[PDB]
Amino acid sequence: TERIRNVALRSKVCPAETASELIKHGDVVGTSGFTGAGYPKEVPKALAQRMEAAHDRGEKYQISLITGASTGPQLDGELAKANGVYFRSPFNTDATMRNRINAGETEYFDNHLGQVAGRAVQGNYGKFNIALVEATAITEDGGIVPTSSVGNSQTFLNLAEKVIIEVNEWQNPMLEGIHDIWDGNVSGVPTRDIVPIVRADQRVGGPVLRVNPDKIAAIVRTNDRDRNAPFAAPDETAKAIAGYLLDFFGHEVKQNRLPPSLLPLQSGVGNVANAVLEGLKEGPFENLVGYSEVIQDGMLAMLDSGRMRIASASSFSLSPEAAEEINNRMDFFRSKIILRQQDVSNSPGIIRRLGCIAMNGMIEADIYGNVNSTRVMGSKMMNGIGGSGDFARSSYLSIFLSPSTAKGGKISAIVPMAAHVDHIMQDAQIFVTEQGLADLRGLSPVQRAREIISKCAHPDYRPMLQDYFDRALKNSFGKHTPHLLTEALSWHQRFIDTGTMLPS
């Protein structure tokens, strides 16, 4: 079945190489792509090849690359390999690009995901020269059907001087209809419109991205794959975490602090998320609803088993097994999933209104419950803040989940002071490790410390943490949030120096 259904636009089909020539040194390029899904593939590869050649000839050739969130080898990977990105935002997970970022070779800023569209419209990244967006199809009326994510694509299409569409035959034609694109003012010039979403399952828009056809400078026919999540399963640590959390949800429901169906759920991806979602798949809470950034393996299973009724997100993050699954029953799943613009999925106004329960991972927390989501030792980027701030601060309950240690026990995930802060105390109420659960609601910082140390810290590190806290209480400048500044970051330095946070 022909994917370009608007006859007139078929005259704009051209090779990826030729399309890449539209992109000039210095350009700001906005692309589709979120959680390894729906990013352009072939034009970035052709661009990277030409960048390498240009550099070899002594010609500067770099772009600014703005996305939905993470992409894949074909985009972040190839461009990073070619040393062709001078600035990157807002969220990366590619190893080559991560290395460029941590070497200072590519400038990076990890904006709150739900804010990126608004900052782009404000001009913070500069004028968008190019929008490069992957599509499942182009409708007879010229609508652009998104692929496996929506992300920021509608905004990039609005802003960009020239538009390049990659129509990817690898993507399932039955994706058409799954997206919900609102034509209102979410991230434009103030005063913005009210987004009339009052339930997580509410569609308020249409199935296509809109663009003036005169702005389309090239369409490239492509055939290449998204990334997939690991198939791998929850270990003992993840299952213990899930166990503590589910017990907690049970007690809240019993105390009438949550409905029997809980509240709209926001979850991450990873061992821990899968375990939590796996836990819920067979849990005592029925008619669950998801209002999240991403559809992962865990949520897909519940939409399947009816334990979750519907899930809202901006993107997919699926294992090959899960992808195969959904691609076989798209007609079914398509009625249980809504893919929204990321400035809507991650809108704090909507998240607070719906009363979302936020469940997110973390690098580390300190004893006062400040959370680092991003920067190892305070300086080395992992992925980025993503939407964890959008959700943590706006949620009805903000929960953070992590193994109590990292790197085979050589790092404590509970530390005297976080080496970098992404989420302040006020934005984190509940902590869960395989050691236990700390409920911090209504507590002062010293009271938070008692709970975090006693409930969440690993036995190998707990006495050291308690020792730090007790001596801090005695010798700190102030006693409201006791610290010993000579020692606060010393565990991190110990790891840098010796490879472990444990004393010799």
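Position 1 is the first residue in the sequence shown; the rest follow in order.
Visitor: Using only the Cα atoms and their B-factors as the entry lists them, report which of 254-262 and 179-187 averages higher.
Guide: It is 254-262 that shows the higher mean C-alpha B-factor.
Visitor: Regarding 433-441 and 50-58, which shows the higher C-alpha temperature factor on average in the entry?
Guide: Stretch with the greater average CA B-factor: 50-58.
Visitor: Which one, 149, 402, 296, 124, has the peak C-alpha temperature factor per the PDB entry?
Guide: It is 296.
Visitor: Going by the CA temperature factor in the entry, name the top one among 386, 143, 348, 118.
Guide: The record points to 143.
Visitor: Mind checking which third residue 501 falls in for C-alpha B-factor across the chain?
Guide: Its C-alpha B-factor, which the entry lists for residue 501, ranks in the lowest third among residues of this chain.
Visitor: By its CA B factor, does residue 93 count among the lowest, middle or highest third of the modelled residues in the chain?
Guide: Middle third by C-alpha B-factor.
Visitor: Splitting the chain's C-alpha B-factors into thirds, which one does residue 409 fall into?
Guide: It belongs to the middle third of the chain when residues are ordered by C-alpha B-factor.
Visitor: So where's residue 236 on the chain's Cα temperature factor ranking, which third?
Guide: According to the entry, residue 236 has a C-alpha B-factor in the chain's highest third.
Visitor: Using the B-factors in the PDB entry, rank residue 355's C-alpha atom against the chain and give the third, lowest, middle or highest.
Guide: Middle third - that is where residue 355 ends up once the chain's C-alpha B-factors are sorted.
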